[PDB]
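Trainee:
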Ligand SMILES: [Cl-]
């Protein structure tokens, strides 16, 4: 009965999104928190995207593979960097968010978007996943850079808790790093487990991640 979630930065690779589809089928995943999707493989899959750019570029999206899962969109909260979507079942109602922060753009405006989502969406049932392009030992990075610090500060103000674990690089090229973060409201801990990094849930310099949403009660 666990709702499995996939988190991955596809880097606009046509192949990576094919791999993502294959992994979701295999793992029987219900959700995918995506960043940098390309522009096919997703048939009866509902996809919710962040505001598209002139050339059609979408930086974040949320794929729902579970055909019967109740979904609710929040156009007011979705931007060019984040997409917010609620999922509902008898057991609960969870607001999900997939985000992507450019490595060469001020993180400040993105932190405000996180705040806006948190306040205008209640202090409970929140799960965020994406590429923050920010380093912090709190999520296994080699060190705490200034971006990681700003993000951590924001997390602290919102009561958001890091789900990351281990030191497996979420980005490998050599050059390895952990810039992808997953965090949630306090109440979500106890409903989430199995957070791990698929050594290669894909093939686009970024490593996919996986975790479950249960009930335990
Ligand atoms: Cl790192």
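Numbering (our numbering), first residue to last: 1111 to 1327. Backbone N, C-alpha and C define an ideal beta-carbon position, used for all residues, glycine too.
If you pair each beta-carbon of the segment 1165 to 1184 with each one of the segment 1267 to 1276, do three or more pairs fall below 8 Å?
Mentor: Cβ pair count under 8 Å is below three, so no.
Trainee: Just the residues with CB closer than 6 Å to a heavy atom of ligand 1, in chain order, which are they?
Mentor: In chain order, the qualifying residues are 1245, 1251, 1252, 1287 and 1288.
Trainee: Decide if residue 1146 is buried, meaning its Cβ has at least 16 other Cβ atoms within 10 Å, or exposed.
Mentor: Within the chain shown, residue 1146 is the residue found at index 36, counting from 1. Answer is buried; the Cβ neighbour count reaches 16.
Trainee: Is the distance from the Cβ of residue 1239 to the Cβ of residue 1205 below 9 Å?
Mentor: Here residue 1239 refers to the residue found at position 129 when the chain shown is read from its first residue. Here residue 1205 refers to the residue found at position 95 when the chain shown is read from its first residue. In this structure, residue 1205 does not lie closer than 9 Å to residue 1239 by Cβ.
Trainee: CB-CB under 7 Å to residue 1328, same chain, minus the five flanking residues each way: which ones, in chain order?
Mentor: The structure shown does not extend to residue 1328, since the chain is modelled only from 1111 through 1327, so no value can be given for it.
Trainee: Looking only at its chain, what residues have a beta carbon closer than 6 Å to the beta carbon of residue 1201, apart from the 5 residues adjacent to it on each side?
Mentor: What you label residue 1201 is simply residue 91 of the chain shown in a count that begins at 1. The residues are 1325.
Trainee: State buried or exposed for residue 1150, treating a residue as buried only when at least 16 other CB atoms are found within 10 Å of its CB.
Mentor: Walking along the chain shown from the start, residue 1150 turns up at place 40. The residue in question, residue 1150, is exposed, as its Cβ has fewer than 16 Cβ neighbours within 10 Å.
Trainee: Helix, strand or coil, according to DSSP, for residue 1261 in the structure here?
Mentor: Position 151 of the chain shown, counted from the first residue, corresponds to residue 1261. Note: residue 1261 maps to helix in three-state DSSP.
Trainee: Work out the CA separation of residue 1119 and residue 1254 for me, nearest whole Å.
Mentor: The sequence position of residue 1254 within the chain shown is 144, counting from 1. The sequence position of residue 1119 within the chain shown is 9, counting from 1. About 22 Å.
Trainee: With DSSP as the reference, please indicate the residues paired to residue 1116 in a beta bridge.
Mentor: Locating residue 1116 in the chain shown gives position 6, counting from the first residue. Its beta-bridge partners are 1142 and 1320.
Trainee: Mind checking whether residue 1174 and residue 1140 have CB atoms under 9 Å apart?
Mentor: Locating residue 1174 in the chain shown gives position 64, counting from the first residue. Locating residue 1140 in the chain shown gives position 30, counting from the first residue. Yes, they are a contact pair.
Trainee: Is the CB-CB distance between residue 1195 and residue 1251 below 9 Å?
Mentor: Here residue 1195 refers to the residue found at position 85 of the chain shown. Here residue 1251 refers to the residue found at position 141 of the chain shown. For residue 1195 and residue 1251, no; Cβs fall outside 9 Å.
Trainee: Pull up the DSSP beta-bridge partners for residue 1151, would you.
Mentor: By 1-based counting over the chain shown, the position of residue 1151 is 41. In DSSP, residue 1151 forms no bridge with anything.
Trainee: Apart from the five residues on each side of it in sequence, which residues of its chain come closer than 6 Å, Cβ to Cβ, to residue 1243?
Mentor: Residue mapping note: residue 1243 aligns to position 133 of the chain shown, counting from 1. Within the same chain, residue 1243 has close Cβ partners 1211, 1213 and 1289.
Trainee: Nearest-angstrom Cα distance between residue 1258 and residue 1249?
Mentor: Looking up residue 1258 in the chain shown gives position 148. Looking up residue 1249 in the chain shown gives position 139. The alpha-carbon atoms of residue 1258 and residue 1249 are separated by roughly 9 Å.
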